[PDB]
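What follows is a set of notes on a single structure, which appears directly below.
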Ligand SMILES: C=C(C)[C@@H]1CCC(C)=C[C@H]1c1c(O)cc(CCCCC)cc1O
Ligand SMILES: [K+]
Ligand SMILES: [K+]
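Chains as they are written, first to last, in the UniProt record's numbering: chain A, 56 to 310; chain B, 56 to 310.
This is the structure we're talking about:
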């Protein structure tokens with residue numbers, strides 16, 4: 056019904072308004088303090104060296120931010136051997152493109168690169184969706200067979216059959232979340248030296264296909280080896296397949 | 056069958072390998088040239104001002120990159136009034152979070168904001184998905200009725216009705232794409248002053264929900280119209296609803 060659709064739309068609008076207000080209130084001071092700090096640091100450095108011209112310093116900072124947007128780190132002197140568009144890195148980038156994650160830490164800069172990226176995404180996304188649906192359906196069929204094994208009126212004390220089904224689904228999703236969210240969060244927390252909050256935020260963002268780009272699996276050149284990019288892409292695929300299977304089972308229960 | 060699923064998996068692996076190879080081959084020279092350019096510009100800046108120590112220069116570059124990761128504009132002096140986390144930008148950020156776009160030009164740096172960002176995404180993504188599915192279902196139903204009407208009013212003799220339906224559906228797809236890609240491309244080619252290739256790249260990324268972040272509707276502090284971010288998000292919403300309805304009709308015909 057059109058009225059129901061408009062009611063849902065208005066609810067979404069109210070949710071967005073509330074989220075915008077709370078985000079503004081919970082972020083304004085941080086960036087205010089950062090602006091104050093960078094302004095006072097720039098003034099102190101200009102007073103430190105009278106030789107440096109302020110316009111020249113601004114030109115230098117402009118070139119630094121241009122290089123940052125290009126995708127090369129100016130703070131560390133590059134040896135050109137650790138190419139950012141490495142073969143494993145390119146494989147990870149293509150995997151994220153077809154997965155609709157889009158971290159954006161590395162982006163194509165050539166015009167032909169942009170055209171090829173557009174064509175590649177438009178061709179690959181339906182194929183990846185088809186594969187994900189197939190694997191999720193396979194895992195859902197296996198889980199349904201497991202539930203049919205569970206439905207035996209035994210080792211449940213006959214409390215409530217609906218409670219038993221709900222408990223089985225909850226245990227399945229809990230075990231899957233523990234296997235594919237918390238444990239990879241700990242692994243990334245140890246490997247990348249981040250905090251637990253940072254690692255769990257990275258895992259949630261990556262799996263939910265958001266891809267903010269503030270935290271990337273490969274960054275700051277700390278010698279990721281043993282095909283780190285292929286295995287992290289494989290973990291992404293397995294987790295997404297599991298979540299798709301759980302969603303398919305949930306849709307089966309709802310309908 | 057699981058066998059053809061594994062075959063599709065091998066096809067996806069091959070596609071990713073080919074894409075990675077082509078991307079690396081295309082994007083090596085740009086990063087190489089940028090590395091050499093930044094190295095030679097830093098040595099030139101050291102030559103111009105012998106007072107500056109190279110370690111202090113790299114420290115200043117490190118501070119600039121840290122401010123870039125913070126989200127403020129390092130070049131020039133950021134005005135205190137120019138709060139990046141204002142109402143309109145927060146509304147756009149919340150909309151992109153629920154839509155799963157995830158551009159990444161802005162992100163909650165405060166730990167409290169991060170926790171709320173995780174909870175907000177987890178709650179809002181299902182609601183926006185349900186709203187999009189409902190709007191797509193309604194629009195697809197009226198599309199099917201209208202296409203059946205115009206099919207059985209204009210051409211009814213000496214042809215195949217399936218071919219007529221396919222041709223009319225392709226015509227509608229093309230017209231909707233031209234009204235939802237080319238016209239926004241021109242609008243962005245005026246307000247944002249991007250080249251036509253950049254505008255179509257931005258539209259393709261935005262509607263696909265890749266969300267690279269190299270191009271953002273509101274950025275560079277170039278000044279925009281009142282509540283430009285909400286209206287551009289509304290454009291995103293409309294385009295996504297139309298394309299979801301079209302794909303639903305295509306799936307209905309396929310089924
Ligand atoms: C045409 C694409 C690429 C689809 C469908 C239409 C639009 C506007 C966006 C895309 C999209 C996802 O790519 C992924 C999800 C959620 C996946 C969750 C997996 C756990 C939703 C979702 O709408
Ligand atoms: K997405
Ligand atoms: K993204």
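We put the CB at the ideal spot given by N, CA and C, even for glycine.
Check: Is any beta-carbon of chain A found at less than 8 Å from that of residue 129 of chain B?; Outcome: yes
Check: Can you determine whether any heavy atom of ligand 3 sits closer than 7 Å to the C-beta of residue 159 of chain A, and answer yes or no?; Outcome: yes
Check: Here's a check: name, in chain order, each residue in its chain whose Cβ is nearer than 8 Å to the Cβ of residue 129 of chain B, leaving out the five neighbours to either side.; Outcome: 119, 122 and 123
Check: Can you confirm whether the region 265–272 of chain B touches the region 166–175 of chain B when touching is taken to mean that 3 or more C-beta pairs between the two stretches lie within less than 8 Å?; Outcome: no
Check: Identify each residue in the region 89–108 of chain B for which the Cβ-Cβ distance to at least one residue of chain A is less than 9 Å, and report them in chain order.; Outcome: 89, 90, 91, 92, 93, 94, 96, 97, 100, 103, 104, 105, 106 and 107
Check: Just to check my reading of the structure: residue 231 of chain B and residue 301 of chain B have Cβ atoms closer than 8 Å, yes? What is that Cβ distance to the nearest angstrom?; Outcome: 7 Å
Check: What residue range is occupied by the uninterrupted alpha helix (DSSP H) comprising residue 245 of chain A?; Outcome: 238–247
Check: DSSP three-state label for residue 76 of chain B, please.; Outcome: helix
Check: Which residue wins for smallest C-alpha separation from residue 296 of chain A, given the options A:154, A:253 and A:284?; Outcome: A:154
Check: How far does the alpha helix (DSSP H) with residue 34 of chain B in it extend, from its first residue to its last?; Outcome: Given a span of 56 to 310 for chain B in the structure shown, any question on residue 34 of chain B remains unanswerable.
Check: When you compare only the Cα positions, how much space is there between residue 181 of chain B and residue 250 of chain B?; Outcome: 36 Å
Check: Would you check whether ligand 2 has a heavy atom nearer than 7 Å to the C-beta of residue 196 of chain A?; Outcome: no
Check: What does the Cβ neighbour count give for residue 263 of chain B, buried or exposed, with the cut at 16 atoms within 10 Å?; Outcome: buried
Check: Please report the residue range of the alpha helix (DSSP H) in which residue 218 of chain B lies.; Outcome: 216–232
Check: Between residue 303 of chain B and the rest of its own chain, which residues show a CB-CB distance below 7 Å, the 5 nearest in sequence each way excluded?; Outcome: 191, 192 and 195
Check: Following the continuous alpha helix (DSSP H) through residue 103 of chain A, name the residue where it begins and the one where it ends.; Outcome: 83–103
Check: Could you please tell me which residues of the region 68–87 of chain A, in chain order, have their CB closer than 8 Å to any CB of chain B?; Outcome: 70, 71, 72, 74, 75, 76, 77, 78, 79, 81, 82, 83, 85, 86 and 87
Check: Can you determine whether any heavy atom of ligand 2 sits closer than 7 Å to the C-beta of residue 264 of chain A, and answer yes or no?; Outcome: yes
Check: Note down the Cα distance separating residue 292 of chain A from residue 260 of chain A, rounded to an integer number of angstroms.; Outcome: 14 Å
Check: Can you list, in chain order, the residues of the region 113–128 of chain B whose Cβ is nearer than 7 Å to any Cβ on chain A?; Outcome: 113, 115, 116, 117, 118, 119, 120, 122, 123, 125, 126 and 127
Check: Residues of chain A with CB closer than 7 Å to the CB of residue 141 of chain B, please, in chain order.; Outcome: 79
Check: Could you round the C-beta distance between residue 277 of chain B and residue 127 of chain A to whole angstroms and report it? I think they count as a contact, below 8 Å.; Outcome: So it is not a contact: roughly 25 Å between Cβ atoms.
Check: What are the start and end residues of the alpha helix (DSSP H) that includes residue 150 of chain A?; Outcome: 142–153
Check: So, with DSSP's three-state summary, where would you put residue 212 of chain A?; Outcome: coil
Check: Kindly examine ligand 1 and report whether one of its heavy atoms sits closer than 7 Å to the Cβ of residue 180 of chain A.; Outcome: yes
Check: Tell me the rounded alpha-carbon separation between residue 112 of chain B and residue 90 of chain B.; Outcome: 17 Å
Check: Compare the C-beta of residue 212 of chain B with all C-beta atoms of chain A and state if any pair is closer than 8 Å.; Outcome: no
Check: Can you say whether residue 97 of chain B is buried or exposed, counting buried as having 16 or more other CB atoms within 10 angstroms of its CB?; Outcome: buried
Check: Helix, strand or coil for residue 310 of chain B? Go by DSSP, reduced to three states.; Outcome: coil
Check: Pick from B:100, B:103, B:108 and B:102: whose alpha carbon is nearest that of residue 103 of chain A?; Outcome: B:108
Check: Taking 8 Å as the CB-CB limit, is residue 281 of chain B close to chain A?; Outcome: no
Check: Does ligand 2 have a heavy atom nearer than 7 Å to the CB of residue 155 of chain B?; Outcome: yes
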